[PDB]
Amino acid sequence: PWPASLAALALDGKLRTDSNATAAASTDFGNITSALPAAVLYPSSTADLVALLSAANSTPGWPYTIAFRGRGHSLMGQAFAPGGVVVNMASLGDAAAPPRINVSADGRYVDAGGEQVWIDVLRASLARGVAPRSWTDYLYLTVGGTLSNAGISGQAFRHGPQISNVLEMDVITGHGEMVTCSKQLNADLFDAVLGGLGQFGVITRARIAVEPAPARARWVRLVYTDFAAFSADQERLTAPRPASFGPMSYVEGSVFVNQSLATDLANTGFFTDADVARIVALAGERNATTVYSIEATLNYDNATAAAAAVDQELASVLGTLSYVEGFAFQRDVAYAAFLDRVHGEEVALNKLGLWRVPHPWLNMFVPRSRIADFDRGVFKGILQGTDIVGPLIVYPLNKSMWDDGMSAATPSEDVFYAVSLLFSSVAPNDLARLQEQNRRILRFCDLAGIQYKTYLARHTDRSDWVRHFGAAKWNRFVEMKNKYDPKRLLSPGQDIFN
Ligand SMILES: *Cc1cc2c(cc1C)nc1c(=O)[nH]c(=O)nc-1n2C[C@H](O)[C@H](O)[C@H](O)COP(=O)(O)OP(=O)(O)OC[C@H]1O[C@@H](n2cnc3c(N)ncnc32)[C@H](O)[C@@H]1O
Ligand SMILES: *[C@@H]1O[C@H](CO)[C@@H](O[C@@H]2O[C@H](CO)[C@@H](O)[C@H](O)[C@H]2NC(C)=O)[C@H](O)[C@H]1NC(C)=O
Ligand SMILES: CC(C)=CCNc1ncnc2c1ncn2[C@@H]1O[C@H](CO)[C@@H](O)[C@H]1O
Ligand SMILES: *[C@@H]1O[C@H](CO)[C@@H](O)[C@H](O)[C@H]1NC(C)=O
Ligand SMILES: *[C@@H]1O[C@H](CO)[C@@H](O)[C@H](O)[C@H]1NC(C)=O
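Quick note on numbering: the sequence shown equals residues 33 to 274, 279 to 534 in PDB author numbering.
Written out as structure tokens, the structure is:
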């Protein structure tokens, strides 16, 4: 039998079993794995989510696993509920009254619904002259989705990931109980949920820290032929000052393989054809099989003295660095245009039919002491001679800005690198080849003794998830699963308890 509140959802057309509803919630960004759910819930309010989760907890032998689909940006089916119920989170923001994004009266934080996309959180914040401090490279992801992972970009070295910038949340547990949580109130749930992979409950609201909005971003690219000089400069730009960080607002980096150098430099959207020819000539002079580039920003406001002050600040920063003499490249954009820079590449790849293709992405955190071994074995090794489609992103992070009590797993070293090899598959020949190449990259790391952590990946073996979190942290994760999802129905696509 069905509880009155669960039957009401079906009666009001919120619970859909039609082929159109189930097919849309069966595919994800990865475009490698598919899993048809039994039904899709389109909730109009948080009471509808309470109704489904309470009906799940109060029904003996409830056989339906529950997933919370944000924008389905998952790579390997993490947002699916195979033969279960997929919640279409975007449906919470339909009404337009009451608002789902509210900047505080004091301008110190922003309240956003878990389903809200970061681009909208940015627009609503900017209208009040404020903006979140820590971002993702791509803004068309949900607050709830990015918080269930970590949420990383070039600001994470100084502000920590997005999980380190949450004051409090509203979470409906697997028991169907609406719970408000922070470090002071229900801290256990707050910590379990952040980096929690949708295992403990659905985030319906997150209170995000903000800062006064800068108006412009001075955006620079620095070119290296030497990995040692590239990595030493990224660590110098991101190192804490003797808590306190340097002037850079953002620090990322990219790897360019010699084989597709001219094409990949042109595809950045940053370099002119004159910049490309100079870098191509540089690589050939140096006899480089790889080229490296630091990507950095200096945020600033609409002040009269602003531009000249950033010119002087940047000149001082650049002087402390070791990039190839004369290889500093500058752009000056409005802040929101730099934040939403990846959206332009999505539009261009989709028109060429290269967005809805498989994405066998390899994302990992590599300890600082092993990055040069990673570069030799991977960028200078495994990847050489292959045709690479997609960016190769490498940048350091500071462990001090990460909370180890949260669910997100990071390497034990103080400095570690975000390594994101964003492979785009073209032919069927390519998908299988790209998947074997990722298996070979991880095998190289395992055999060399590199203590990495995967990011955005779901493991299929219990021994792998135990190693991912570390045994002591794994028991904490399990304790939290027994308190918040005893029925093991939430986010089954992570393959931890399902
Ligand atoms: C597609 C993509 C993803 C991406 C990126 C660029 C692109 C083009 N750039 C990223 C970056 O620079 N930094 C970063 O940290 N992540 C980046 N990603 C990955 C993105 O964070 C993830 O794909 C993530 O899953 C968020 O995406 P989305 O919002 O689309 O979430 P989902 O895939 O549907 O769900 C992921 C898992 O989380 C659970 N979930 C979703 N919403 C909630 C709420 N509100 N509460 C609790 N759990 C939730 C799902 O059930 C699923 O398990
Ligand atoms: C970088 O890659 C390019 C290949 O695209 C190399 O340039 C070519 O090398 C062969 C061998 O002598 C020539 O026959 C081709 O005509 C060259 N092509 C172009 C487009 O220049 C270059 O050798 C590579 N460098 C390193 C150090 O590996
Ligand atoms: C941790 C994870 C998953 C990060 C994923 N982020 C990104 N995802 C997809 N494309 C990106 C990303 N960052 C930059 N680009 C593109 O790469 C080039 C930047 O030089 C541009 O073409 C830009 O649009
Ligand atoms: C991949 O996407 C394409 C285009 O939408 C589609 O033909 C196919 O069903 C998808 N494959 C998977 C495994 O999701
Ligand atoms: C240039 O580099 C290649 C490949 O890295 C190497 O095998 C070759 O001997 C080099 N030639 C020089 C340095 O003159």
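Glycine residues also receive a C-beta, built at the ideal position from the N, C-alpha and C atoms.
Item, Value
"Check whether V203 and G233 have beta carbons under 7 Å apart", "yes"
"Secondary structure, alpha helix (DSSP H): runs of 4+ residues fully inside the region 406-463", "407-410"
"Local Cβ density within 10 Å of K387, reported as buried at 16 or more and exposed below that", "exposed"
"Validate contact between the region 238-257 and the region 305-324 using beta carbons, cut 8 Å, 3 pairs", "yes"
"Candidates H379, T340, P447 and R494: closest to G506 by CA position", "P447"
"Backbone CA spacing between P244 and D138 [nearest angstrom]", "11 Å"
"Alpha helix (DSSP H) segment containing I151, residue limits", "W150 to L158"
"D143 - DSSP class collapsed to helix/strand/coil", "strand"
"DSSP bridge partner residues for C213 (one or two, in chain order)", "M201"
"Buried or exposed (CB count within 10 angstroms, at least 16 for buried), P164", "buried"
"Unbroken beta strand (DSSP E) run spanning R322, endpoints", "Run containing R322: none in the beta strand (DSSP E); it sits in the alpha helix (DSSP H), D309 to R322."
"Per-residue burial, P522 [other beta carbons within 10 Å of its own, 16 or more giving buried]", "exposed"
"Outcome for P528 when other beta-carbon atoms lying within 10 angstroms are tallied against a minimum of 16", "buried"
"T174 in three-state terms, based on DSSP", "strand"
"Under the three-state DSSP convention, the category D368 falls into", "strand"
"Beta-carbon proximity of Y453 to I424, cut-off 7 Å", "no"
"Every unbroken beta strand (DSSP E) inside the region 216-250 [3 residues or more]", "233-244"
"Spatial distance of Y96 from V82 (CA atoms)", "15 Å"
"Pocket of ligand 5 defined by Cβ to heavy atom distance under 7 Å", "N323 and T325"
"Nearest to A39 (by Cα), restricted to the options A55, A264 and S86", "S86"
"Candidates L357, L229 and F281, of which the one nearest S263 by Cα", "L357"
"Three-way DSSP call (helix, strand, coil) for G355 in this model", "helix"
"Sequence-distant residues of its chain with Cβ nearer than 7 Å to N474 (five each side left out)", "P396 and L398"
"Those residues which DSSP pairs with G289 across a bridge", "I330"
"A484 to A370 span [Cα, whole Å]", "44 Å"
"Minimum C-alpha distance to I330 - residue among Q366, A313, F401 and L107", "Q366"
"C-alpha gap between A99 and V119, whole angstroms", "6 Å"
"In DSSP terms, what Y256 is bridged to", "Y328"
"Whole-Å CB distance - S180 paired with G230, under 8 Å assumed", "5 Å"
"N-terminal and C-terminal residue of the beta strand (DSSP E) that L73 is part of", "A71 to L73"
"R101 - containing beta strand (DSSP E), residue span", "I98 to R101"
"Under 5 Å, CB to nearest heavy atom of ligand 4: contacting residues", "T59, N63, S66 and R392"
"Unbroken alpha helix (DSSP H) run spanning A83, endpoints", "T78 to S90"
"Coarse secondary structure for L124, derived from DSSP in three states", "helix"
"Assigned exposure category for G421 - 16 Cβ within 10 Å defines buried", "exposed"
"Contact between the region 483-502 and the region 401-420 (3+ Cβ pairs under 8 Å)", "yes"
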